């Protein structure tokens, strides 16, 4: 699993289940191409979004639907969403893990770049 997304709820202190995460990849036209899509499992992580061969070089946008997650719980959050825009595989084949900590009025995101 080259690309991975890990999401947590800071209010309840557990994994953020069913959070719609959308992965786009840039284009020469500078428009966004829909690379992948999925929702986070009961563990709060969405692995198996892409494969080594398919995850080529480029700029990717990982967009997390935080507003929908909260609205479901009955809370109206600040952000409409939270996205992580980065340049992947520039140097070489690296395995990424994107983690995000959620709160109504704050969100935190860290990455963990690792060799295969």
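Positions refer to the first chain, counted from 1. Under this definition, the rigid core comprises the largest set of C-alpha atoms superposing within 1.5 Å between the forms.
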(message) If the other structures are each fit on the rigid core, which stretch ends up farther away in C-alpha terms in 8 other deposited structures of this protein, 82-90 or 47-55?
(response) 82-90
(request) Name the higher of the two by mean Cα B-factor in the PDB entry, 29-37 versus 56-64. (result) 29-37
(request) Identify the stretch, either 1-9 or 105-113, whose C-alpha atoms have the larger mean B-factor according to the entry. (result) 1-9
(message) Out of 17, 99, 20, 23, whose C-alpha atom has the biggest B factor in the entry?
(response) 17
(request) Could you tell me which one of 46, 85, 88, 75 shows the highest CA temperature factor in the PDB record? (result) 85
